[PDB]
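Working notes for the structure below.
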Amino acid sequence: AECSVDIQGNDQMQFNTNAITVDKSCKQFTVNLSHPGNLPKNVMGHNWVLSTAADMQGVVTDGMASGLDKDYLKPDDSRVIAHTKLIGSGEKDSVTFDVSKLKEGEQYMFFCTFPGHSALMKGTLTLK
Ligand SMILES: [Cu+2]
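Reading the sequence shown from the start, the letters are residues 1 to 128 in the authors' numbering.
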């Protein structure tokens, strides 16, 4: 089983994957995010945030009102399962989480919470 995935967030406000499959055999799953763009995090910042499909809209909405200093995330938001930090050009960050935090038959969504980005920067994550 491949228990990790390398994802990129660029200046065109896009992730390089629209779907992630987490194999059931994995105990932990790792997401390695990088920013191959030229723009700084205050204008084109990207983070990889995971939540259930049902909680996405809430996380994104409250996230934007939180500000840059809060990584565009509502402090202690229980709806967030896992997340990388907000990164800009030339930066990278990884996040590892327990696969047991996920369940079969529930749709998950990964997305960037920087203002307006989730319009394009989002995708599905499923446990199979
Ligand atoms: Cu972004």
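Don't be surprised by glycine CBs; every beta carbon is placed ideally from N, CA and C.
| Asked | Found |
| --- | --- |
| What are the complete alpha helix (DSSP H) segments, minimum 4 residues, inside the stretch 49-99? | 56-64 |
| For the alpha helix (DSSP H) containing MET44, name the first residue and the last one. | 41-44 |
| Have a look at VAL5 and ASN47 and give me their C-alpha separation to the nearest angstrom. | 14 Å |
| Using beta-carbon positions only, say whether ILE87 and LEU33 come within less than 8 Å of one another. | yes |
| When you compare only the Cα positions, how much space is there between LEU127 and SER89? | 31 Å |
| Looking only at its chain, what residues have a beta carbon closer than 7 Å to the beta carbon of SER118, apart from the 5 residues adjacent to it on each side? | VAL60, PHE111 and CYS112 |
| Using only Cβ atoms and a threshold of 7 Å, which residues come within that distance of a heavy atom of ligand 1? Order them by chain position. | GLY9, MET13, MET44, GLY45, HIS46, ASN47, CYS112, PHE114, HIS117 and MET121 |
| By how many angstroms is the C-alpha of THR17 removed from the C-alpha of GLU104? | 21 Å |
| Got a sec? Which residues, its chain only, sit under 7 Å from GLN14 by beta carbon, not counting five neighbours each side? | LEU120 and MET121 |
| Exposed or buried, which one is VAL43 when buried takes at least 16 other CB atoms within 10 Å? | exposed |
| Between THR21 and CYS3, is the Cβ-Cβ spacing less than 8 Å? | no |
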